[PDB]
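Shown next: my_file-v2.pdb, given as PDB, C-alpha atoms.
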MODEL        1
ATOM      1  CA  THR A   1       2.801   9.285 -20.199  1.00  0.00           C
ATOM      2  CA  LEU A   2      -0.719   9.671 -21.575  1.00  0.00           C
ATOM      3  CA  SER A   3      -1.778  11.363 -18.314  1.00  0.00           C
ATOM      4  CA  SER A   4      -0.005  13.327 -15.536  1.00  0.00           C
ATOM      5  CA  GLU A   5       1.168  11.663 -12.297  1.00  0.00           C
ATOM      6  CA  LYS A   6       0.152  14.905 -10.532  1.00  0.00           C
ATOM      7  CA  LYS A   7      -3.490  13.998 -11.287  1.00  0.00           C
ATOM      8  CA  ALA A   8      -3.171  10.402  -9.957  1.00  0.00           C
ATOM      9  CA  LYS A   9      -3.778   9.372  -6.349  1.00  0.00           C
ATOM     10  CA  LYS A  10      -0.438   8.201  -4.912  1.00  0.00           C
ATOM     11  CA  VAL A  11      -0.479   5.976  -1.839  1.00  0.00           C
ATOM     12  CA  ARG A  12       2.246   3.940  -0.184  1.00  0.00           C
ATOM     13  CA  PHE A  13       1.870   0.227   0.712  1.00  0.00           C
ATOM     14  CA  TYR A  14       3.840  -1.615   3.357  1.00  0.00           C
ATOM     15  CA  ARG A  15       4.007  -5.318   4.252  1.00  0.00           C
ATOM     16  CA  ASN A  16       2.497  -6.466   7.538  1.00  0.00           C
ATOM     17  CA  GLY A  17       5.204  -7.455  10.015  1.00  0.00           C
ATOM     18  CA  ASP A  18       8.041  -6.228   7.806  1.00  0.00           C
ATOM     19  CA  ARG A  19       9.959  -3.468   9.592  1.00  0.00           C
ATOM     20  CA  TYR A  20      12.689  -3.048   7.000  1.00  0.00           C
ATOM     21  CA  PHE A  21      10.782  -2.785   3.753  1.00  0.00           C
ATOM     22  CA  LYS A  22       9.895   0.885   3.563  1.00  0.00           C
ATOM     23  CA  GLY A  23       6.995   0.586   1.131  1.00  0.00           C
ATOM     24  CA  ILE A  24       5.964   0.879  -2.501  1.00  0.00           C
ATOM     25  CA  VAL A  25       4.128   3.766  -4.128  1.00  0.00           C
ATOM     26  CA  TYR A  26       1.058   3.022  -6.242  1.00  0.00           C
ATOM     27  CA  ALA A  27      -0.665   5.473  -8.586  1.00  0.00           C
ATOM     28  CA  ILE A  28      -4.426   4.904  -8.578  1.00  0.00           C
ATOM     29  CA  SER A  29      -6.634   6.740 -11.106  1.00  0.00           C
ATOM     30  CA  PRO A  30      -9.521   6.217 -13.566  1.00  0.00           C
ATOM     31  CA  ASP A  31      -6.904   4.944 -16.107  1.00  0.00           C
ATOM     32  CA  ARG A  32      -4.658   3.010 -13.763  1.00  0.00           C
ATOM     33  CA  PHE A  33      -6.140   0.501 -11.286  1.00  0.00           C
ATOM     34  CA  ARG A  34      -9.833   0.504 -12.224  1.00  0.00           C
ATOM     35  CA  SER A  35     -10.835  -2.240  -9.804  1.00  0.00           C
ATOM     36  CA  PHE A  36     -10.117  -3.392  -6.271  1.00  0.00           C
ATOM     37  CA  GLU A  37      -9.349  -6.886  -7.373  1.00  0.00           C
ATOM     38  CA  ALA A  38      -6.807  -5.646  -9.966  1.00  0.00           C
ATOM     39  CA  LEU A  39      -5.113  -3.636  -7.194  1.00  0.00           C
ATOM     40  CA  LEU A  40      -4.902  -6.639  -4.842  1.00  0.00           C
ATOM     41  CA  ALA A  41      -3.638  -8.866  -7.656  1.00  0.00           C
ATOM     42  CA  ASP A  42      -0.862  -6.432  -8.445  1.00  0.00           C
ATOM     43  CA  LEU A  43       0.030  -5.969  -4.779  1.00  0.00           C
ATOM     44  CA  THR A  44       0.534  -9.741  -4.649  1.00  0.00           C
ATOM     45  CA  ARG A  45       2.763  -9.562  -7.752  1.00  0.00           C
ATOM     46  CA  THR A  46       4.944  -6.833  -6.248  1.00  0.00           C
ATOM     47  CA  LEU A  47       4.932  -7.603  -2.500  1.00  0.00           C
ATOM     48  CA  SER A  48       4.355 -11.341  -2.005  1.00  0.00           C
ATOM     49  CA  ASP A  49       7.504 -13.460  -1.859  1.00  0.00           C
ATOM     50  CA  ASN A  50       8.561 -16.712  -0.181  1.00  0.00           C
ATOM     51  CA  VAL A  51       8.757 -15.165   3.292  1.00  0.00           C
ATOM     52  CA  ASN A  52       6.587 -12.040   3.049  1.00  0.00           C
ATOM     53  CA  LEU A  53       2.855 -12.420   2.651  1.00  0.00           C
ATOM     54  CA  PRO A  54       3.471 -15.754   0.852  1.00  0.00           C
ATOM     55  CA  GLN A  55      -0.165 -16.764   0.601  1.00  0.00           C
ATOM     56  CA  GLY A  56      -0.879 -13.419  -1.157  1.00  0.00           C
ATOM     57  CA  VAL A  57      -2.334 -10.032  -0.223  1.00  0.00           C
ATOM     58  CA  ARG A  58      -5.809 -10.493   1.290  1.00  0.00           C
ATOM     59  CA  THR A  59      -6.250  -7.287   3.269  1.00  0.00           C
ATOM     60  CA  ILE A  60      -5.278  -3.614   3.238  1.00  0.00           C
ATOM     61  CA  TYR A  61      -5.160  -1.921   6.658  1.00  0.00           C
ATOM     62  CA  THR A  62      -4.962   1.699   7.651  1.00  0.00           C
ATOM     63  CA  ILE A  63      -1.643   2.545   9.235  1.00  0.00           C
ATOM     64  CA  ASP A  64      -2.977   2.026  12.808  1.00  0.00           C
ATOM     65  CA  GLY A  65      -4.328  -1.433  11.995  1.00  0.00           C
ATOM     66  CA  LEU A  66      -7.818  -0.456  13.064  1.00  0.00           C
ATOM     67  CA  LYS A  67      -9.579  -0.398   9.716  1.00  0.00           C
ATOM     68  CA  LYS A  68      -9.655  -2.741   6.716  1.00  0.00           C
ATOM     69  CA  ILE A  69     -10.127  -0.967   3.381  1.00  0.00           C
ATOM     70  CA  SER A  70     -13.228  -1.942   1.419  1.00  0.00           C
ATOM     71  CA  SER A  71     -13.242   0.679  -1.345  1.00  0.00           C
ATOM     72  CA  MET A  72     -10.788   2.677  -3.464  1.00  0.00           C
ATOM     73  CA  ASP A  73     -12.201   5.980  -2.243  1.00  0.00           C
ATOM     74  CA  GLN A  74     -11.037   5.135   1.268  1.00  0.00           C
ATOM     75  CA  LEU A  75      -7.429   5.299   0.031  1.00  0.00           C
ATOM     76  CA  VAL A  76      -6.260   8.850   0.716  1.00  0.00           C
ATOM     77  CA  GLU A  77      -3.674  10.693  -1.334  1.00  0.00           C
ATOM     78  CA  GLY A  78      -0.313  10.573   0.441  1.00  0.00           C
ATOM     79  CA  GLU A  79      -1.417   8.137   3.148  1.00  0.00           C
ATOM     80  CA  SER A  80       0.270   4.864   3.944  1.00  0.00           C
ATOM     81  CA  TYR A  81      -1.407   1.444   4.156  1.00  0.00           C
ATOM     82  CA  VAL A  82      -0.345  -2.058   5.270  1.00  0.00           C
ATOM     83  CA  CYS A  83      -0.933  -5.198   3.246  1.00  0.00           C
ATOM     84  CA  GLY A  84      -1.830  -8.320   5.179  1.00  0.00           C
ATOM     85  CA  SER A  85      -2.288 -11.993   4.396  1.00  0.00           C
ATOM     86  CA  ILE A  86      -2.909 -14.609   7.143  1.00  0.00           C
ATOM     87  CA  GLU A  87      -1.208 -13.221  10.310  1.00  0.00           C
ATOM     88  CA  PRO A  88      -3.111 -10.486  12.114  1.00  0.00           C
ATOM     89  CA  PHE A  89      -2.076  -6.851  11.848  1.00  0.00           C
ATOM     90  CA  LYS A  90       1.284  -6.109  13.481  1.00  0.00           C
ATOM     91  CA  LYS A  91       1.800  -2.575  14.755  1.00  0.00           C
ATOM     92  CA  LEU A  92       5.181  -1.344  13.695  1.00  0.00           C
ATOM     93  CA  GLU A  93       6.405   2.186  13.025  1.00  0.00           C
ATOM     94  CA  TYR A  94       6.177   1.497   9.285  1.00  0.00           C
ATOM     95  CA  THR A  95       6.570   5.082   8.049  1.00  0.00           C
ATOM     96  CA  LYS A  96       9.343   6.077  10.449  1.00  0.00           C
ATOM     97  CA  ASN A  97      11.949   8.221   8.650  1.00  0.00           C
ATOM     98  CA  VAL A  98      10.259   7.827   5.282  1.00  0.00           C
ATOM     99  CA  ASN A  99      10.322  11.297   3.788  1.00  0.00           C
ATOM    100  CA  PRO A 100       6.900  12.306   2.358  1.00  0.00           C
ATOM    101  CA  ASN A 101       8.278  13.717  -0.955  1.00  0.00           C
ATOM    102  CA  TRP A 102       7.107  10.576  -2.822  1.00  0.00           C
ATOM    103  CA  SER A 103       3.634  12.100  -2.498  1.00  0.00           C
ATOM    104  CA  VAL A 104       4.652  15.645  -3.636  1.00  0.00           C
ATOM    105  CA  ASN A 105       7.162  15.439  -6.455  1.00  0.00           C
ATOM    106  CA  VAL A 106       5.684  12.662  -8.575  1.00  0.00           C
TER     107      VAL A 106
ENDMDL
END

Take the structure from the file and write it as C-alpha cells.
Amino acid sequence: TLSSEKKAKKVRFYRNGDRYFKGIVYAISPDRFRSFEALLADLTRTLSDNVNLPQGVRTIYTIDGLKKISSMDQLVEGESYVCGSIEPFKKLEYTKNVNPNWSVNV
C-alpha cells in the first residue's frame, strides 16, 4: 500500500457470453488506472484468452447491455460491467449468487 483500497473505486468486470466466470474486481483511482486505454489494455491482459474475448476487450457494457461506457466516471462503485469484443452483448444473469462483499470489505 501507498494508498487505501477503501478510497479506490472498486468495480467488477465480467466476460460477455461467459456464464461461469464470476468476474474480476478492479480498483480504479487517481493513482491506479489513470486512462481508459490503460484500463482496456489491462482488461485484455486479464480476461482475454483463446476462447474468451480472443480478439481483445473492445467494449464495456452496463449489466443490462443497454449502454456502452465512454468515460471512467460512468463506472459506479460496486457496480458490475461486461466486457465485449466482437459478438454482440449477451444477456446472462452474470451477477447471480455473487455476494457483494467484494465491494465492502476491500

Exercise for the section: Please identify all polymer residues within 12 Å of residue 87 (chain A), counting only C-alpha atoms, omitting same-chain residues fewer than 5 positions from it, and present them as a PyMOL selection string. Expected result: chain A and resi 15-18+52-59

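CA of residue 51 (chain A) sits 27.5 Å away from CA of residue 71 (chain A).
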
Handout entry: Expected selection from the PyMOL selection byres ((chain A and resi 25-42) around 7), given as a ChimeraX atom specification
Key = /A:8-13,23-24,43-46,57,72

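Take the candidates A:1, A:62, A:50, A:97 and check each one against residue 81 (chain A) using all atoms listed in the file; the shortest distance goes to A:62.
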
Problem - Selection under test: the PyMOL selection byres ((chain A and resi 65) around 12); residues as a ChimeraX atom specification - result: /A:14,16-17,59-64,66-69,80-84,88-94

Using the file's own x, y and z axes, what box holds all listed atoms of region 16-34 of chain A with 5 Å on each side, keeping edges along x, y and z, and what are its centre and edge lengths in Å to one decimal, as lines of an AutoDock Vina configuration file?
center_x = 1.4
center_y = -0.4
center_z = -3.0
size_x = 32.5
size_y = 24.2
size_z = 36.1

Fill in the blank from the handout: As a check of understanding: the span from CA of residue 6 (chain A) to CA of residue 75 (chain A) is 16.2 Å

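Coordinates place CA of residue 21 (chain A) at a distance of 9.8 Å from CA of residue 47 (chain A).
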
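For the residues A:86, A:98, A:76, A:2, ranking by smallest atom-to-atom distance to residue 22 (chain A) using all atoms listed in the file places A:98 first.
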